[PDB]
C-alpha cells in the first residue's frame, strides 16, 4: 500500500539527468521532517522547499497495490512513445518504495530513478540512484550514481563526500532568501574543486512543475 502526494509529467529539473522528460512520483512523508511548519525549526532537515504532506495533490492518493500505481504513472506518458522514465521522490521515497513496485515499473518499460536523502538503505535494482546527504542525518548509502549535495549547510564536511563511490558529484545551491548567494558559492566551489559539478534547479528558472 502506497501513499502519494502527487504524480505529474515534466522535465527533470535537477542533477545529471536535468532536461530529461520524466514522470515524477512524489511519495508522501519524510523521515527527517514531519512536513509541518511548526516543526521545521527543530527538524533534522530544515531547508526543504517541498510540500509532501498528504495525498491531496494532482493525481495523488492512497493506492491499492503496485499495479494500481503503475497504471497511473504509465498513463501520463505520451502514447506510442518509448524511453519511459520515472523519478521516485517525496518526501523520502525509501519509506515506501519496495521491490514489487520496482519490478512492476520495470515490467512496464520504465527506467527508475530515485531522489533519496541517504539516511535509508536503498534497492540496488533501481537504475539511477541520486543521494542528497543531509548534514545532521546519518549517511548509510555510500555508493550510487550521483551524489547531489545541497550547499551550504552547517556541520557540512564537503570534501569527504568526494571520497565516496559515485559517478557524479554535484553541489546544488540552497533555495531560500539567499539563493543568489548560495549559487555563487556553488560556482566557486566547483571552479576550485573541478571534481564537482553545478546542479541548478532549472525548473524554477523555466517556471515549470
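Numbering follows the first chain given and starts at 1.
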| message | Quick check on the record: does 46 to 54 or 60 to 68 carry the larger mean Cα temperature factor? | response | 60 to 68
| Which has the higher mean CA temperature factor in the PDB entry, 141 to 149 or 33 to 41? | 33 to 41
| query | Thinking about Cα B factors across the chain, which third does residue 133 belong to? | reply | lowest
| request: Compare the C-alpha B factor of residue 116 with those of the other modelled residues in its chain, then answer lowest, middle or highest third. | output: middle
| For residue 91, the third of its chain into which the C-alpha B factor falls | middle
